[PDB]
């Protein structure tokens, strides 16, 4: 949870791409430069999209990160995110993340993006009832039962999945922006009671 003594970036962050991300974030000259826990505590935001990162090992020592942009990497294991208790905005599109149990304790998370991860089973997301924004487009999802617990969602994208049953969305009265194009939907009866929708996209269903 903390680095005890000043330590070279490249020792804390074994993924060479992620070490370079941290070096640039802290405006250091080299990944051989040492950092203190106090310097790591100064990091509020990491922008590391499209960076060829395979592991974010070391990120556990960044307790104050609130915004994390990791779209377009080579992640499979997000366990090092487990205890990032202040994370509010998390972008993980275009990785291959399937085990969502590491997200359970991100109790301050407001926005989660997991587009284009090949995901089918989203039952782990039941553990994030405080979410306000959730982006799951371009996956292999059929069963959205668990999203009925996410009663604070105001923006939800499920576009380009394999959903036919949207009954679990019926109770989500705070939804404002709902993106359901490119699914298998023919029956929207359960959405009839949503009163706060501003955007509801349903283009290009494939009935079945």
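Positions refer to the first chain, counted from 1.
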Entry B factor averaged over C-alpha atoms, 133-141 against 98-106: higher for 98-106
Taking only the CA atoms, which stretch has the higher mean B-factor in the record, 152-160 or 51-59? 51-59
178, 147, 34, 170, ranked by C-alpha B-factor: the highest one: 34
In terms of its chain's C-alpha B-factors, the third that includes residue 123 is the middle
Entry-reported Cα temperature factor of residue 111, expressed as the chain third it lands in: lowest
Among the modelled residues of this chain, does the Cα B factor of residue 67 put it in the lowest, middle or highest third? lowest
Lowest, middle or highest third: where is residue 22 by Cα B-factor in its chain? middle
Quick check for you: using the entry's CA B-factors within this chain, is residue 190 in the lowest, middle or highest third? highest
